[PDB]
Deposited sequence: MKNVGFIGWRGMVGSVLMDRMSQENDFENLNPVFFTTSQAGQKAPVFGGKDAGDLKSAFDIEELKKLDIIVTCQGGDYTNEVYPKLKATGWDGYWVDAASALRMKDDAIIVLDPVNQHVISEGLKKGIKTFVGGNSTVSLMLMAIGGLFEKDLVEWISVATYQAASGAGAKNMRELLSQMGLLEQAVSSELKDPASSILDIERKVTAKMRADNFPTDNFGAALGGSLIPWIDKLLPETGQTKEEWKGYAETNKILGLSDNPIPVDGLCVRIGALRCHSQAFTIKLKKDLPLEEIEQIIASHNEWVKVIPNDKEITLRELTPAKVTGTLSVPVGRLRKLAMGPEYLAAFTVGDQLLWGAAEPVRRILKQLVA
């Protein structure tokens, strides 16, 4: 069978990948070799050991990639490189994977001789898994986005920091909350005071997240004023769909909220033509087996369209669908998706599966 090396399999994303591969019995169809960066398992920095592998799957990160990758291909190695990190997404000899959406793009690359495949930006991937249909019919002129991103996208320590912040806030008024007759503004003043305290743990986010939000993710790109996270919307959406010749505008604001691992997004989709809502809904629900169209009903929306419902599942609900006041060609849409699955580990697991078949 194909000899597959795994790097960064112990990290958070790597861990999800390992769990998903086990659940699906993916290890039965390949010969796994595990690497580590520890000096305390082959060495992740042993080029000769990596050179003997047919495929390398890394969830180690960009710094690792930028270091080892060049060296490895510099030895002639002609194997496949599957990466979760963003390091190589924008390279000419690499393809961004999300097979339920761009399978045809993936297949052509395997023929052109493409040997590098990279998982895509979580936000963009979750968007495409939700409204892939609209793009599948060149029905989208542009999309304005507003995200509600989870701590998992930032990292494990960030998730822990969010949780600690939540605890401290409640702890600040634990007794008052138990007293059904206590003043709410008093409670409010105290939690806000704690949130602003110097001892409030905000080292990882650089600001409070629990009980608040942060309208800024990643570095500023002076060229356009977007953060790198927002920049990936236009850049990655079009490379994934392979439309670098007829790019579809995708822009908006990426905001961090206090959710653990599900990214949510509010959309304003300008459609190229006036179409019936019922038809839009059918097109969306038919693109893939994971997207799930939620009726624009309160009770059902509260049960299905939330991080609480989606966390840890492969389901990608999309709802609140209706026409906007700007015109019958303006579509409103809200979606929730797990950041660690379709937003990270899953696309990686699925391309590997293809490569070892």
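Missing from the model, relative to the deposited sequence, is only the stretch 41-54.
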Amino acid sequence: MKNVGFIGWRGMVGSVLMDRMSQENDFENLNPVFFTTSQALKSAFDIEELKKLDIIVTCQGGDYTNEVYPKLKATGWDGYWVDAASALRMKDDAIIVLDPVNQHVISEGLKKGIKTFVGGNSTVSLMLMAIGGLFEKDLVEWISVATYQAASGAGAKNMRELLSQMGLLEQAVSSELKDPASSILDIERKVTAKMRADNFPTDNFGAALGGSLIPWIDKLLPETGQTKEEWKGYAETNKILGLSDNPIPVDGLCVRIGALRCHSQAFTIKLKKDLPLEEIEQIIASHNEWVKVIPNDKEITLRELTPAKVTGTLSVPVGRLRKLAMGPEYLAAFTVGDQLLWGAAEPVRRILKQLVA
From here on, numbers count along this sequence of modelled residues.
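Two stretches are in play, 161-169 and 237-245, and the higher mean C-alpha B-factor belongs to 237-245.
Stretches 194-202 and 257-265 differ in mean CA B factor, with 194-202 having the higher one.
Looking only at 54, 289, 304, 49, the residue with the top Cα B factor in the deposited structure is 49. The entry assigns its greatest Cα B factor, within the set 83, 229, 281, 188, to 281. The PDB entry assigns residue 148 a C-alpha temperature factor belonging to the lowest third of its chain's modelled residues. When the modelled residues of the chain are ordered by their C-alpha B factor, residue 294 lands in the middle third.
Looking at the C-alpha B-factors along this chain, the one for residue 70 belongs to the highest third. When the CA B factors of the chain's modelled residues are split into thirds, the value for residue 313 lands in the lowest one. When the CA B factors of the chain's modelled residues are split into thirds, the value for residue 102 lands in the middle one.
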